[PDB]
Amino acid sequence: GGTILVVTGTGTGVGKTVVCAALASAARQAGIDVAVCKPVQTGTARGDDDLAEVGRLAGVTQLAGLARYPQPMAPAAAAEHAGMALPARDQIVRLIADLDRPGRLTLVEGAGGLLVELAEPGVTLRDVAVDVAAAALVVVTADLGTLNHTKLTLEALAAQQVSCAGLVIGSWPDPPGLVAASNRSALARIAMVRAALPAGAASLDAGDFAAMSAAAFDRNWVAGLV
């Protein structure tokens, strides 16, 4: 094997994709080979291709996905509106397991949060984490409500002995703010904050984004993932 990391979020719109790109870019600059698997993509009718994002921002070429739905909804719901099933649990696990190879960091991006249905029946990114024995990196916000949402997510992780790889603040505001400031301390009292991605990092060009990414994560932690 190499290392398989599931990247989940406490909710939607928390910067998960750009965190996957950022971790991917940091890891590549450390010489680690990186693949990203986004099994289920939604909101595609309005352009959303998160794998393309990762490719543009981090230069990953091993970008694997099974299903794209047009509606900007949860996978299960976008499928319902499309009249088409979700992929199967085996499809998602086999695809990920086949991506994984010595020396490669395989990132597994979820859709929305940890417990959103990814495959039939009712199987989540948490289920997939168990099947492939992956730790979970949790993308969190710095806003009010993040501690409840983070504590909820890590509880859900721990109920199935899914290890928490740490937290990444998806968007760090400038200037921080009192709440943001306080949450960043509170967050690190309950897990390792691997990174706080500066607000606006999604807009950077590739070279800037790689400079940002390499500076946002601890060098030793990244290279230690494989």
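Position 1 is the first residue in the sequence shown; the rest follow in order.
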**Asked** Mean C-alpha B factor from the entry: is it higher for 159-167 or for 44-52?
**Response** 44-52
**Message:** Mean Cα B factor from the PDB record: higher for 103-111, or higher for 70-78?
**Reply:** 70-78
**Request:** Select one of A85, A136, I96, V139: the residue whose C-alpha shows the highest B-factor in the crystal structure entry.
**Result:** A85
**Message:** Taking only the Cα B-factors deposited for this chain, tell me whether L225 sits in the lowest, middle or highest third.
**Reply:** highest
**Fill in**
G59: C-alpha B-factor third of its chain, per the entry, is the lowest
**Asked** According to the PDB entry, is the CA B factor of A35 in the bottom, middle or top third of its chain, that is, lowest, middle or highest?
**Response** lowest
**Prompt:** Lowest, middle or highest third: where is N183 by C-alpha B factor in its chain?
**Reply:** lowest
**Prompt:** What third of its chain, lowest, middle or highest, does the C-alpha temperature factor of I190 fall into?
**Reply:** highest
